[PDB]
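In this analysis, Cβ positions are derived from the backbone assuming ideal geometry, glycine residues included, and neighbour counts consider all displayed protein chains. What follows is calculated from the coordinates using simple rules that are stated; it is not laboratory data.
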Amino acid sequence: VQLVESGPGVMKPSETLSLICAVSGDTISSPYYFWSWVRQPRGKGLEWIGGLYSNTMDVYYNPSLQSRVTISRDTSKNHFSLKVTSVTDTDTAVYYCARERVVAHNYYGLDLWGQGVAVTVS
Amino acid sequence: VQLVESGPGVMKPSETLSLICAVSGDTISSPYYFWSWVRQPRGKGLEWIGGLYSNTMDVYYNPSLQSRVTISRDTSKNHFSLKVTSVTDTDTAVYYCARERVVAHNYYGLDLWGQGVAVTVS
Amino acid sequence: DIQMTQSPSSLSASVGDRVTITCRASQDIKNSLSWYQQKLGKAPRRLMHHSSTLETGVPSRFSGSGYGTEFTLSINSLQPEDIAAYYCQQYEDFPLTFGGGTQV
Amino acid sequence: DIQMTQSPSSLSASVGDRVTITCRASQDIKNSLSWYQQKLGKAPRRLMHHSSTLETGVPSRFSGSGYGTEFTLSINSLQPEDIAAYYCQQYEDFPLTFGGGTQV
Amino acid sequence: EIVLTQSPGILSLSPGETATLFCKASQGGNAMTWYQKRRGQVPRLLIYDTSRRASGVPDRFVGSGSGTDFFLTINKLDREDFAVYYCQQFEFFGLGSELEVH
Amino acid sequence: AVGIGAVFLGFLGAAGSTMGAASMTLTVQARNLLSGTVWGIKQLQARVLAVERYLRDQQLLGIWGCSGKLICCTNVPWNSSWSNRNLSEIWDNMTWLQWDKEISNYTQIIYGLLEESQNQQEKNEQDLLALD
Amino acid sequence: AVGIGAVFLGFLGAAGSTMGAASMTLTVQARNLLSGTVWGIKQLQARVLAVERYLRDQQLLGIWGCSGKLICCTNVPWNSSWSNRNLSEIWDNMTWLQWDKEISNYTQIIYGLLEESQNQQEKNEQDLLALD
Amino acid sequence: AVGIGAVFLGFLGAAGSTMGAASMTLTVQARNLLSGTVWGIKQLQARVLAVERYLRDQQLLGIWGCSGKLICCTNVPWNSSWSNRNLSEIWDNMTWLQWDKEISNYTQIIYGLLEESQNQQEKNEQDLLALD
Amino acid sequence: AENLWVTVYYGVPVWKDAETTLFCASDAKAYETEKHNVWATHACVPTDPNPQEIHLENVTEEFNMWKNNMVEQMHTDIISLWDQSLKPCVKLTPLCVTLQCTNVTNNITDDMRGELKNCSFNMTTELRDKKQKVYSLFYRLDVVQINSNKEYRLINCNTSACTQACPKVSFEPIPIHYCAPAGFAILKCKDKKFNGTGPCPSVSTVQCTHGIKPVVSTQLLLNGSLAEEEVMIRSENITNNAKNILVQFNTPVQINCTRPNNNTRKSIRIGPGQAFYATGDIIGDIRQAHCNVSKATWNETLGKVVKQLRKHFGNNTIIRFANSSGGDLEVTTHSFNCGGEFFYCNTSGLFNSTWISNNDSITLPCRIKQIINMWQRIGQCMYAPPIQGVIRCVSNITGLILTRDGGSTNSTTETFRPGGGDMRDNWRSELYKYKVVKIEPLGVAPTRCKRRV
Ligand SMILES: *[C@@H]1O[C@H](CO)[C@@H](O[C@@H]2O[C@H](CO)[C@@H](O[C@@H]3O[C@H](CO[C@H]4O[C@H](CO)[C@@H](O)[C@H](O)[C@@H]4O)[C@@H](O)[C@H](O[C@H]4O[C@H](CO)[C@@H](O)[C@H](O)[C@@H]4O[C@H]4O[C@H](CO)[C@@H](O)[C@H](O)[C@@H]4O)[C@@H]3O)[C@H](O)[C@H]2NC(C)=O)[C@H](O)[C@H]1NC(C)=O
Ligand SMILES: *[C@@H]1O[C@H](CO)[C@@H](O[C@@H]2O[C@H](CO)[C@@H](O[C@@H]3O[C@H](CO[C@H]4O[C@H](CO)[C@@H](O)[C@H](O)[C@@H]4O)[C@@H](O)[C@H](O[C@H]4O[C@H](CO)[C@@H](O)[C@H](O)[C@@H]4O)[C@@H]3O)[C@H](O)[C@H]2NC(C)=O)[C@H](O)[C@H]1NC(C)=O
Ligand SMILES: *[C@@H]1O[C@H](CO)[C@@H](O[C@@H]2O[C@H](CO)[C@@H](O[C@@H]3O[C@H](CO[C@H]4O[C@H](CO)[C@@H](O)[C@H](O)[C@@H]4O)[C@@H](O)[C@H](O[C@H]4O[C@H](CO)[C@@H](O)[C@H](O)[C@@H]4O)[C@@H]3O)[C@H](O)[C@H]2NC(C)=O)[C@H](O)[C@H]1NC(C)=O
Ligand SMILES: *[C@@H]1O[C@H](CO)[C@@H](O[C@@H]2O[C@H](CO)[C@@H](O[C@@H]3O[C@H](CO)[C@@H](O)[C@H](O[C@H]4O[C@H](CO)[C@@H](O)[C@H](O)[C@@H]4O)[C@@H]3O)[C@H](O)[C@H]2NC(C)=O)[C@H](O)[C@H]1NC(C)=O
Ligand SMILES: *[C@@H]1O[C@H](CO)[C@@H](O[C@@H]2O[C@H](CO)[C@@H](O[C@@H]3O[C@H](CO)[C@@H](O)[C@H](O[C@H]4O[C@H](CO)[C@@H](O)[C@H](O)[C@@H]4O)[C@@H]3O)[C@H](O)[C@H]2NC(C)=O)[C@H](O)[C@H]1NC(C)=O
Ligand SMILES: *[C@@H]1O[C@H](CO)[C@@H](O[C@@H]2O[C@H](CO)[C@@H](O[C@@H]3O[C@H](CO)[C@@H](O)[C@H](O)[C@@H]3O)[C@H](O)[C@H]2NC(C)=O)[C@H](O)[C@H]1NC(C)=O
Ligand SMILES: *[C@@H]1O[C@H](CO)[C@@H](O[C@@H]2O[C@H](CO)[C@@H](O[C@@H]3O[C@H](CO)[C@@H](O)[C@H](O)[C@@H]3O)[C@H](O)[C@H]2NC(C)=O)[C@H](O)[C@H]1NC(C)=O
Ligand SMILES: *[C@@H]1O[C@H](CO)[C@@H](O[C@@H]2O[C@H](CO)[C@@H](O)[C@H](O)[C@H]2NC(C)=O)[C@H](O)[C@H]1NC(C)=O
Ligand SMILES: *[C@@H]1O[C@H](CO)[C@@H](O[C@@H]2O[C@H](CO)[C@@H](O)[C@H](O)[C@H]2NC(C)=O)[C@H](O)[C@H]1NC(C)=O
Ligand SMILES: *[C@@H]1O[C@H](CO)[C@@H](O[C@@H]2O[C@H](CO)[C@@H](O)[C@H](O)[C@H]2NC(C)=O)[C@H](O)[C@H]1NC(C)=O
Ligand SMILES: *[C@@H]1O[C@H](CO)[C@@H](O[C@@H]2O[C@H](CO)[C@@H](O)[C@H](O)[C@H]2NC(C)=O)[C@H](O)[C@H]1NC(C)=O
Ligand SMILES: *[C@@H]1O[C@H](CO)[C@@H](O[C@@H]2O[C@H](CO)[C@@H](O)[C@H](O)[C@H]2NC(C)=O)[C@H](O)[C@H]1NC(C)=O
Ligand SMILES: *[C@@H]1O[C@H](CO)[C@@H](O[C@@H]2O[C@H](CO)[C@@H](O)[C@H](O)[C@H]2NC(C)=O)[C@H](O)[C@H]1NC(C)=O
Ligand SMILES: *[C@@H]1O[C@H](CO)[C@@H](O)[C@H](O)[C@H]1NC(C)=O
Ligand SMILES: *[C@@H]1O[C@H](CO)[C@@H](O)[C@H](O)[C@H]1NC(C)=O
Ligand SMILES: *[C@@H]1O[C@H](CO)[C@@H](O)[C@H](O)[C@H]1NC(C)=O
Ligand SMILES: *[C@@H]1O[C@H](CO)[C@@H](O)[C@H](O)[C@H]1NC(C)=O
Ligand SMILES: *[C@@H]1O[C@H](CO)[C@@H](O)[C@H](O)[C@H]1NC(C)=O
Ligand SMILES: *[C@@H]1O[C@H](CO)[C@@H](O)[C@H](O)[C@H]1NC(C)=O
Ligand SMILES: *[C@@H]1O[C@H](CO)[C@@H](O)[C@H](O)[C@H]1NC(C)=O
């Protein structure tokens, strides 16, 4: 089972950054798995964007970037999408989608990750 | 017109004490008559269990025995029932159903009474 | 919840006497007591409602008076069927509570 | 919102050493940090959840301790693949926040 | 298969009284049923599901019990009830308990 | 009192009493305002007419001086021209049925007066908790 | 905590926890009480049954000590005969499912006791804001 | 003012004014949210959609800092990243229609901060009225 | 202090057992081909995808499937939208005419009884004054002999004239996701070993249920949801021989069933716009339609159900299987749908073995009816029109329905006979895992806190 991301990276600022993360081998409708989008520009630290659970509705973000980012999730294509409107130059980064265990309800999970994709905004 | 009460009384403790009071000659659907269940063990005083009105819904008890006792009233058999669950040894008593006048609405009533049933619980 | 206390408790008087039984409450009721007379193994026959006016089928040899909290029963001519129990009972607020118990 | 601070920052040790990296929070978390190890251009491989019990697929050469707010990573036998990034991350309240960054 | 046994078999008693039949299934927890049958007529039901009587039968008949042990109580033995009485779960029946005028 | 000597606490139970007696039993008219082919359309429109009436009275109560308080004082004085009665004759002699006939002409001035009094008091609380 | 170490805040999400844990996540059972041919008659009677239940509970809440407050104290002391437990064993050991069985026989005395306590306190506030 | 010199108090009546003018006439948008074969099914689902929207807004109002208060302050401070405006340019120049587009991206964070502020303040009132 | 005080808490999660209505949901894929080509497309709404199934802890909920609700109202709901998919189709009251009818032109042998009757009759035309002589092929379970000359009539016409199915509407089951209205919740048990009643010690609350496909069968409930690892029986209770022991197994049995008689559809116009459909000519070679199952999977799955059926009856128990014993035609067979055709297949050749306590294919013949009388009402029939081509469909046998015979006085053989009977037990295996609850908030609990005056 591997998590494949997609999305080309070369764009213009104040525009439509869109990233897709999808699963191969299993499904996104498995219960109790923390989904996370976490970015990192090279030279700078690990920056947290988004995190939710697999089996509810209430979704969470970082408040310092919240007007720029939004997340989405659907199982008809098993897509896990990040949307950025009004991108600055401070989002040229590699990006990671992550499936983490919740540890009170799941001793038997596999802490899956994406490989990270590089988006460069001039 | 006479009230016939019924129910055998020789039972085991913490069980299903059930008493019936009924009317012969008249009906229980007559308006404005206070119904009462009042018990008395011999050697002890006159103890009040329950009292309601003939033509309402809201029902009243003594709060010190309220988890044990429940009352019921229905006119399709004209029954006026006392239900005691989880009895102690302090219910070995004679029991009286009573029909009393409300004195502001009824100058013409007959202040009726049950004959009293002795219930002995070992 | 309102407690009631009935005094005195145990009596044995001669014939033709006049006995008085008072009872007291825990808060002020001012108009609301009823008097009941219970013979041995029988249903209690009511003397009166509202402490000052009587029931039909009962003669004038019983009486009640008082106002407020302390009230008083008076029997002026004792008959031999009066060796029984008597009870004053409140009807101020739910639940109804009787007296302690007379033995006369 | 809860800030995290990770000390030290830039490290270079010899082989077979025992390195310790602590991190501190802004309010009391008492049970809640996870440790992640990220190599160059790769996905971060998690050391552990809940600061005292480990993940399968990772040996016993890593450890974490502490209680309350200040917590501490200890690597007792340094291997040559340890020149990478590490991060402690909170999960006390939303949002999750990582550490500063360990350049060992 | 599940075999029944009733406690009195033949009984020869007096009117006006109480009588407790007892039946004894061989595995417990059952749905107990009681039947009163006159000789040469239709058997009709007394008690379904161990406790509760039917409509139009007198309330002197009460069934009781639990587990593997079931009582059939009759209080104030009237003149009608000199009959036979059966107890059953589904596909078996008792031998037949008879209550007689003496 | 209660029981055998009771002016009756029933539904609409003391409607001819004096208003001092009807000032106690006041939840007994509030709690019986909810409960309750082609026939189910009639039943459905009965129940949604009931809860639309109850919601309009809760919203008309709420934007005056009380949220759900059921006994609610406010901050506008009482005029002599609406009643010209003393207090003792309306709390010791008069019934609520007659009171709703003595005031029917002076309705829809009291409600607009409550709305102005509550709206000016809300902006007074707004500026008083603003300026400190 | 939250996230990867969370006793789960979901709908009915902590229903087997201890009441100290379920004392926090309390709006999560409130806000999922509204949302939701011959078939539309069944659908509309489901939704008006839902809002009639919610209105009966808002009206039963409001005539006690709290309008919509969601955590609500009052002025009647707690009796020993209802529970006979200590505080620590119900806030540190017991679940709400078991608690609803333990006070199942002691319902419909507590609600009438709240009604008398709130009605007497409202008339106490009435006379106390009257006499000054 | 009113009458012949009035910015019009009607339904939606001052909707292009400055927010200081629309801070007065505020019940006029509240009270027109209630009123209002196969056709009766469409009519009844219109009215129960209306009262379901109104009940969801009353329940969303109530679990924040105000039950039905209609002007309602709270205890979370205002962030510069939401508007970066002065007070005078939004209370002396801007309209509510243009305000709702300026702060449309900053919704569903303010409601989360309202819920945490009210829930922590209610538990602060619980522990403050507990320990005394 | 020691005088604790009551607080009312709102929105305590507790639940109580209750009965209410439910509310449907389906996929988006059912609306792509649109507007009543299958039922319930104008009835109820599309779902939210990925049901928000959230597990609970330290809760024991008492489940029961036999006094359960919601399996009744699916049995009313399917019948109600079955009537709603049959109201606007054409009544076939002008069809009941005296038939003149013969054999189909076939090499008749004396032992095989002919399954086709070729009848010609009078029928009205579009103009009411002209009438036409038309011919059809009918199956012998739909034609009876009224009393040299052989004149026939349709079987329904001394009961009620009845309704053609429209060939717009299909018959394959789309899944239905059952889902909860506002103010109730649905609890799911998720144990493996779970036989119906008692405490389930791991529950999950869900928003909407999973995919349930309503597929009618009498014996052999097919396309059903499997178990987790073992083979489980379930019962109301086993020692009662009235309620059906229903058995559900893990690994399916693939069943191939087919009709090879190549059919031609023919339209006859009854009058104005009443396009009656009949069979036309039979081309190819006339055979008998039949079902097939593989031998080895049948032998091994029957070994697994006799292994898990021996646990309730002692280990020294001889268990054999017979076919059904009587009744009408819809309980001796297993009766099932395939692509718009009704099949009634005689399952004697499956349930016939004993067992002791120590390429390969089974065929079974199958008849074809056309007037059905679904759910055994009085004044209803659904006429299926016939479909082109060789009809072929595969399916998955999952669960069987077994009633015992009353084996008495000590001898340890206990026969089992399949016969389904009631329609609900092909749903109660599909819905044994949920119960509905009503949330009752406003708990009352003490604390050490008093309200300021
Ligand atoms: C238990 O579960 C199994 C698994 O699903 C199920 O088996 C399925 O049965 C259905 C029967 O309804 C089968 O569905 C039919 O399949 C054929 C062939 O489909 C294959 O080929 C097409 C290419 O043409 C592929 O796209 C497809 O993926 C398959 O590979 C179709 O021809 C059928 O469609 C016709 O019939 C429908 C019903 O009338 C019409 O709606 C549809 O539009 C098509 O109509 C055609 O025929 C009409 C008359 O002949 C004509 O008028 C039209 O113009 C048009 O020509 C239908 O899709 C399905 O394939 C089976 N699954 C598998 C894997 O084989 C069992 O049925 C189920 N058990 C029960 C009891 O339900
Ligand atoms: C469900 O499915 C099963 C099998 O799939 C069916 O079971 C078999 O059904 C047949 C009847 O349909 C049973 O009977 C056998 O039929 C033979 C047919 O011969 C006919 O024709 C000759 C000449 O025309 C006549 O003489 C004869 O009487 C018949 O009219 C019989 O010949 C068979 O006879 C047997 O016994 C005699 C002596 O008793 C011998 O001479 C024969 O050689 C032969 O051994 C026989 O009677 C058959 O037995 C069934 N099988 C089993 C295993 O029992 C079910 O009928 C079917 N049910 C339904 C409802 O569909
Ligand atoms: C169910 O029962 C019905 C009866 O109601 C049968 O219908 C008839 O079946 C027979 C047998 O096929 C048909 O007879 C054949 O008719 C062919 C064409 O005739 C039609 O067209 C001519 C005009 O060209 C008309 O005059 C005539 O009336 C018909 O309308 C003939 O060509 C056939 O001749 C055969 O033999 C010659 C010998 O040289 C060959 O050269 C030919 O190729 C051919 O093989 C024959 O006479 C009859 O037409 C049918 N009637 C109708 C109304 O259809 C059904 O057959 C039966 N069902 C089944 C399934 O068999
Ligand atoms: C359908 O299935 C079974 C078998 O026919 C039957 O279930 C039985 O239920 C009762 C209780 O639900 C079980 O009884 C238990 O058994 C022990 C034996 O030691 C007893 O102590 C108890 O039985 C009595 O106790 C109850 C109080 O606890 C009484 O209220 C009651 O009357 C019982 O008689 C204990 O509960 C019993 O074991 C099962 N049987 C099996 C095989 O598990 C059920 O009643 C059947 N239903 C019908 C309609 O036939
Ligand atoms: C039903 O399930 C819930 C969900 O798990 C469960 O709540 C939690 O249970 C666990 C254990 O079952 C509790 O964890 C321990 O609790 C004990 C006493 O309660 C504490 O002493 C423990 O603290 C230890 O751990 C610390 C850090 O590891 C050490 O520093 C310390 O010295 C102790 O050794 C530990 O917390 C947990 O507390 C509860 N949760 C809450 C909020 O109380 C619940 O108990 C289950 N209910 C039943 C009836 O089984
Ligand atoms: C379709 O409709 C036609 C038209 O009615 C039917 O034809 C008619 O059938 C009747 C039988 O009830 C014939 O009556 C009989 O005629 C013979 C002589 O042919 C006579 O000897 C008998 O005593 C009897 O009266 C009638 O003649 C016939 N009509 C014509 C014009 O000949 C026909 O039966 C219907 N069915 C089919 C399959 O065609
Ligand atoms: C279930 O299996 C048994 C075991 O074979 C079936 O019993 C057999 O059924 C056939 C069909 O009825 C009997 O054949 C006879 O055929 C002639 C032909 O017309 C008929 O006239 C006879 O009356 C009889 O039907 C066969 O004798 C019979 N065997 C026994 C021992 O009775 C049974 O039919 C099967 N059940 C079903 C519904 O298929
Ligand atoms: C035409 O069909 C009839 C029945 O519709 C057949 O007639 C009889 O069928 C039974 C079968 O149950 C046989 O036992 C009889 O021997 C048949 N009778 C005759 C006279 O054959 C008939 O076989 C079919 N074919 C023909 C040419 O008439
Ligand atoms: C269904 O199975 C469960 C457990 O698998 C049974 O429940 C208990 O099983 C144990 C094991 O023998 C018994 O000791 C208990 O007495 C059973 N308890 C109860 C309440 O039954 C259960 O009996 C089975 N039920 C059926 C109908 O098969
Ligand atoms: C039912 O039919 C399917 C296909 O219609 C059969 O599956 C085939 O089985 C043969 C035998 O092993 C294989 O060679 C084919 O490759 C299979 N094809 C497919 C598409 O699966 C199936 O075997 C039939 N069932 C039975 C019991 O024979
Ligand atoms: C049903 O069972 C019977 C016996 O119980 C089977 O009949 C025997 O089948 C074997 C296998 O060929 C033969 O050797 C015997 O001679 C048969 N005996 C009789 C009396 O027929 C029968 O095969 C079974 N049915 C099916 C469809 O397998
Ligand atoms: C079943 O019948 C149909 C029609 O009766 C047959 O379809 C024909 O197939 C040939 C193949 O080339 C076509 O040329 C014809 O045009 C088709 N007929 C029609 C009317 O379109 C089909 O072959 C038959 N199937 C089998 C298995 O025999
Ligand atoms: C019928 O049985 C077959 C196998 O016996 C089932 O096929 C498997 O289904 C799962 C779920 O989609 C797939 O992951 C497997 O790959 C399938 N097996 C094969 C060999 O392809 C099938 O789902 C069952 N149900 C239906 C409706 O056909
Ligand atoms: C009564 O109202 C009128 C106008 O509304 C006013 O002029 C008058 O002063 C008022 N009197 C009192 C006593 O409020
Ligand atoms: C109030 O108005 C009615 C008519 O609306 C009138 O007849 C009546 O006289 C008025 N009341 C008084 C006290 O004048
Ligand atoms: C509990 O209630 C009863 C009557 O309701 C009362 O007599 C008793 O004093 C109460 N006890 C406490 C501790 O409140
Ligand atoms: C509460 O009532 C039930 C019956 O209503 C009774 O069985 C139970 O024993 C009571 N609870 C306690 C603690 O006695
Ligand atoms: C605004 O919000 C962010 C995070 O929500 C915080 O870091 C910042 O300090 C806030 N600023 C003000 C002025 O409130
Ligand atoms: C608010 O969001 C929209 C898109 O959702 C975006 O186009 C717009 O620029 C944002 N507003 C501001 C002030 O950036
Ligand atoms: C019957 O078989 C089971 C295993 O299937 C075994 O556990 C049990 O002990 C056996 N009983 C006897 C009496 O041999």
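Summary table
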read-out	value
Condition check for residue I:73: surrounded by fewer than 18 Cβ atoms within 10 Å (Cβ to Cβ) and either under 26 Å from residue G:42 (Cβ atoms) or of a type in the set (D, E, K, R) (or both)	yes
Considering residues of the range I:27-41 that are of a type outside the set (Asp, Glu), surrounded by 12 or more Cβ atoms within 10 Å (Cβ to Cβ) and part of a loop (DSSP other than H, G, I, E, B) only, the residue farthest from the other protein chains (Cβ to nearest Cβ)	I:37
Filter result (farther than 23 Å from residue A:66 by Cβ and part of a loop (DSSP other than H, G, I, E, B)) within the range H:87-111	H:87, H:92, H:93
Flag for residue I:278 being surrounded by 14 or more Cβ atoms within 10 Å (Cβ to Cβ) and within 30 Å of residue G:11 (Cβ to Cβ)	no
Residue in the range G:22-36 that is surrounded by fewer than 18 Cβ atoms within 10 Å (Cβ to Cβ) and part of a helix (DSSP H, G or I) present	no
Residue within the range D:27-39 that is basic (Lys, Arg) and touching a strand residue (DSSP E or B) at 6+ places or on another chain (Cβ under 6 Å) present	no
Tabulated pairs, the range I:311-324, first more than 14 Å from chain E (Cβ to nearest Cβ) and assigned to a loop (DSSP other than H, G, I, E, B), second more than 16 Å from ligand 5 (Cβ to nearest atom) and of a type in the set (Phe, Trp, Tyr), C-beta under 8 angstrom, 6+ apart or interchain	I:322/I:351; I:322/I:416; I:323/I:351
Search result, residues across the range I:421-453 that are touching a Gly at 6+ places or on another chain (Cβ under 8 Å) and within 14 Å of chain H (Cβ to nearest Cβ)	I:441, I:451
Residue pairs meeting the criteria (Cβ under 6 Å; at least 6 apart or on separate chains; first within 10 Å of chain B (Cβ to nearest Cβ), in the range C:28-54; second of a type in the set (S, T, N, Q))	C:34/C:89; C:44/C:38; C:45/C:37; C:49/C:34
Test: residue A:86 is buried (at least 16 other Cβ atoms within 10 Å of the Cβ), part of a loop (DSSP other than H, G, I, E, B), among the small types (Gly, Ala, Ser) and within 10 Å of another protein chain (Cβ to nearest Cβ)	no
Subset of the range I:198-238 (residues that are more than 30 Å from residue I:338 (Cα to Cα), in contact with a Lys or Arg (Cβ under 9 Å, 6 or more places away or on another chain) and more than 14 Å from chain G (Cβ to nearest Cβ))	I:236, I:237, I:238
Conditions (1) part of a helix (DSSP H, G or I); (2) under 27 Å from residue A:57 (Cα atoms); (3) within 14 Å of chain G (Cβ to nearest Cβ): number failed by residue I:57	(1)
Residue I:80, sole failed condition from (1) within 33 Å of the chain's Cα centre (by Cα); (2) closer than 23 Å to residue I:368 by Cβ; (3) small (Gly, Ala, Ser); (4) away from ligand 7 (no atom under 16 Å from the Cβ)	(2)
Single residue of E:14, E:26 found to be hydroxyl-bearing (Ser, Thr, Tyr) and within 14 Å of chain I (Cβ to nearest Cβ)	E:26
Residue within the range I:284-292 that is within 16 Å of ligand 13 (Cβ to nearest atom) and either within 14 Å of chain E (Cβ to nearest Cβ) or basic (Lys, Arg) (or both) present	no
Selection status of residue H:116, away from ligand 4 (no atom under 16 Å from the Cβ), more than 14 Å from chain I (Cβ to nearest Cβ) and either of a type outside the set (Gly, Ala, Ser) or assigned to a helix (DSSP H, G or I) (or both)	yes
Answer residue from the range A:32-52, given it is among the hydroxyl-bearing types (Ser, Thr, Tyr) and part of a strand (DSSP E or B) and is nearest to residue G:4 (Cα to Cα) among those	A:33
Conditions (1) in a loop (DSSP other than H, G, I, E, B); (2) within 11 Å of another protein chain (Cβ to nearest Cβ); number of the one not met by residue H:78	(2)
Residue that is surrounded by the fewest Cβ atoms within 10 Å (Cβ to Cβ) [pool: residues in the range I:1-26 that are facing another protein chain (nearest Cβ under 7 Å), part of a loop (DSSP other than H, G, I, E, B) and of a type in the set (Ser, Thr, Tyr)]	I:21
Qualifying position, being within 16 Å of ligand 7 (Cβ to nearest atom) and surrounded by fewer than 16 Cβ atoms within 10 Å (Cβ to Cβ), among I:219, I:288, I:308	I:288
Exclusive hit being surrounded by 15 or more Cβ atoms within 10 Å (Cβ to Cβ), facing chain I (nearest Cβ under 9 Å) and under 22 Å from residue G:20 (Cα atoms), set G:91, G:64	G:91
Any chance residue C:92 is more than 14 Å from chain F (Cβ to nearest Cβ) and either part of a helix (DSSP H, G or I) or under 18 Å from residue B:49 (Cα atoms) (or both)	no
Tabulated pairs, the range I:391-409, first within 13 Å of residue I:224 (Cα to Cα), second more than 16 Å from ligand 14 (Cβ to nearest atom) and of a type in the set (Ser, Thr, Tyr), C-beta under 7 angstrom, 6+ apart or interchain	I:399/I:429
Residue H:107 more than 9 Å from chain G (Cβ to nearest Cβ) and out of contact with any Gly (no Cβ under 9 Å at 6 or more places or on another chain)	yes
Some residue of the range I:257-267 being exposed (fewer than 13 other Cβ atoms within 10 Å of the Cβ), more than 22 Å from residue I:349 (Cβ to Cβ) and hydroxyl-bearing (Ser, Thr, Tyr)	yes
Residue within the range G:121-131 that is more than 7 Å from every other protein chain (Cβ to nearest Cβ) and surrounded by 15 or more Cβ atoms within 10 Å (Cβ to Cβ) present	yes
Residues within the range I:41-75 that are among the charged types (D, E, K, R) and in contact with a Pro (Cβ under 9 Å, 6 or more places away or on another chain), tallied	3
